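**Student:** Those protein sequence lines, which keep their order, are chains A and B. Be aware that the first sequence starts at 910, since it is given in the deposited numbering, and climbs by one per residue. Be aware that the second sequence starts at 910, since it is given in the deposited numbering, and climbs by one per residue.
Number of protein chains: 2
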Amino acid sequence: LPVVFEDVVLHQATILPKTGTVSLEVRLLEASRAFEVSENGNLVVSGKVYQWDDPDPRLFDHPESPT
Amino acid sequence: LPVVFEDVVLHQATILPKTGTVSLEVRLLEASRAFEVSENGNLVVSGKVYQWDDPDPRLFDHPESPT
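#1: Considering only the beta carbon of each residue, do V954/B and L919/B sit closer than 8 Å?
#2: Could one say the Cβ of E915/B lies closer than 8 Å to chain A's Cβ atoms, at least one of them?
#3: Run the CB neighbour count on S947/A, radius 10 Å, all protein chains shown included, and call it buried at 16 or more, exposed below.
#4: Going by alpha carbons, who is nearest to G950/B out of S974/B, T928/B, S932/B, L938/B?
#5: Excluding the 5 residues flanking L937/A on each side, which residues of the same chain have their C-beta closer than 6 Å to its C-beta?
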């Protein structure tokens, strides 16, 4: 599954404890091509995610070197 | 529940068939205070919905008419 992300915004940073676990929830909206990552009801990541219908390998050719 | 909407956008109009039914699916993102109604995987309404924490009846007073 090639994928394309867009307008990713990181609202906060989740600190992993030494002992114990932290749960993250991902909710998708296929109709709106959106997504959402949450931790105890607090938005932690937002943006747009959808499948790349027509991949183009040309996109991965190395660009002209700045120097 | 005193609710507050914001940035409601109607995308396509749903025609109600004379004979049959149309299924509207409503998904919420409580973390982002956002909602999206969909019809057969197509977006119909997008916006924000959230509970009105502090209702103020003064908001419903009738503004003085310009005429």
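Backbone N, C-alpha and C define an ideal beta-carbon position, used for all residues, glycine too.
**Tutor:** Once the coordinates are examined:
#1: For the purposes of this step, residue 954/B is taken as residue 45 along the second sequence, with counting starting at 1. For the purposes of this step, residue 919/B is taken as residue 10 along the second sequence, with counting starting at 1. Against a cut-off of 8 Å, the Cβ pair of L919/B and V954/B comes out as a contact.
#2: As a first step, residue 915/B must be located in the second sequence, where it is residue number 6. Cβ-Cβ to chain A under 8 Å: no for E915/B.
#3: Residue 947/A sits at position 38 when you count from the first residue of the first sequence. Looking at its Cβ environment, which holds 16 or more other Cβ atoms inside 10 Å, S947/A is buried.
#4: By 1-based counting over the second sequence, the position of residue 950/B is 41. Selected option, being the one with the closest Cα: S932/B.
#5: Mapped onto the first sequence, residue 937/A falls at position 28. Cβ within range, chain order: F944.
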